Structures are given as C-alpha cells and as structure tokens.
Asker: 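Sharing a structure with you now.
Every heavy atom of this structure was used, including side-chain atoms; hydrogens, water molecules and symmetry mates were not. In what follows, chains are A, B, ... by sequence order, proteins preceding strands, each numbered from 1.
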Amino acid sequence: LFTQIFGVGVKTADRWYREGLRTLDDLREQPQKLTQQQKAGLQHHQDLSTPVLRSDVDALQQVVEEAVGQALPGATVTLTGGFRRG
DNA sequence: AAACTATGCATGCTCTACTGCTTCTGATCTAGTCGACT
C-alpha cells in the first residue's frame, strides 16, 4: 500500500511501518513529514492507482507532439516503455 | 594710594565628531550520505 504512493520507496515505507503508521488515512493526519513528491502522490492517489489505457496514451502523444512541434520544428517523439512492448 | 574688576594665559578633564587599521560575524558556496525516481 505504501510503495504505490508516488515518491515513497521501500526505505520510507519501512520507516513508516516501524513508526506505527499502518493506514493511508494516518498519513494524511500528519502532513508535515512529507516532501513535495509524497504530498503530490498522496493527494492524487486514486487517480494514479487506476491503470492507464491506450486511448489516453494516444491523446497524450498527440498533445506532446503538438507541443514539441510548436516549440522546435522537426522534433521527433517515440513512445517507449511498456506500451512499446505491446 | 588702595581695592575691585576686565582681560588674558596655561593646564587638566570631558563630549563630540571624524579617519584609518584590524578582527569578528553574516552571507555565499562544494563534499559526504541517504533517499526518490527511472
């Protein structure tokens, strides 16, 4: 549960576990020991927990292609990662 | 002719300011460690 939080690794998860933090809500009760990454991940937890689909990939690729084309002409963008493996 | 007072000088103590040299402190910066991510 803790590792899925953006900006939370194994070390931080273990540190929280040994400190008595057991539930997600408990993390929100003390919003003073979390960096920007952890706060951003915890706030948009539900949104980031959902696996992404291919339509969202296409929309994001179109948006980024438009942005790079307007920024610098002739830019080429290639989709890598898991989505390139099928 | 004698006493009082105006004038001045010499010196020590004190406030006040100003200039310059030296030292201390606040501010501007690279190495080590842990952690995040990919």
Asker: I'd like to know whether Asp58(A) forms a side chain to side chain contact (heavy atoms under 4.5 Å, CB included) with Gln61(A), so could you lay out the CA-CA distance, the side-chain angles of the two residues, the decisive distance to 0.1 Å, and finally the verdict.
Answerer: CA-CA 5 Å; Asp58(A) 298 301; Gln61(A) 174 141 17; 5.6 Å; no
Asker: Considering only distance and modelled atom types, tabulate donor-acceptor pairs under 3.5 Å from the side chains of residues 36-51 of chain A, sequence neighbours left out.
Answerer:
residue, atom, partner, partner atom, Å
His44(A), ND1, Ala40(A), O, 3.2
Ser49(A), OG, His45(A), O, 3.0
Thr50(A), OG1, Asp47(A), O, 3.0

Asker: Do me a favour and sort the pucker of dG35(B) into north or south by its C1'-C2'-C3'-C4' torsion.
Answerer: north
Asker: With a cut-off of 6.0 Å (strictly less than), are more than 12 heavy atoms of other residues, nucleotides or ligands near NZ of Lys11(A)?
Answerer: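 Atom NZ in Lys11(A) is not packed in, count stays at 12 or less.
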Asker: Drop me the distance from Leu79(A)'s CG to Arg54(A)'s CZ, to the nearest 0.5 angstrom.
Answerer: 6.0 Å
Asker: So that I can tick it off, tell me whether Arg18(A) and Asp14(A) are bridged by a salt bridge, with the cut-off set at under 4.0 angstrom between side-chain N and carboxylate O.
Answerer: yes
Asker: How long is the span from the CZ atom in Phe83(A) to the CG atom in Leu60(A), to the nearest 0.5 Å?
Answerer: 9.5 Å
Asker: Are there runs of at least three consecutive Watson-Crick or G-U pairs touching DNA chain B, with each pair's two distances under 3.5 angstrom? Give them by first number.
Answerer: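 Detected stem regions: none for this strand.
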Asker: Determine the contact category for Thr35(A): base if any of its heavy atoms lies under 4.0 Å from a base atom, sugar-phosphate if only primed atoms, P, OP1 or OP2 are that close, otherwise nothing.
Answerer: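 No contact.
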Asker: What are the 5'-most and 3'-most nucleotides of DNA chain B lying under 4.0 Å from any heavy atom of chain A?
Answerer: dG35(B) to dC37(B)
Asker: If you round to the nearest 0.5 Å, how far is CG of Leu21(A) from CD of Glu29(A)?
Answerer: 11.0 Å
Asker: May I have the step-by-step check of side chain to side chain contact (heavy atoms under 4.5 Å, CB included) for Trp16(A) and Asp26(A), ending in yes or no?
Answerer: CA-CA 10 Å; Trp16(A) 285 341; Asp26(A) 156 79; over 6 Å; no
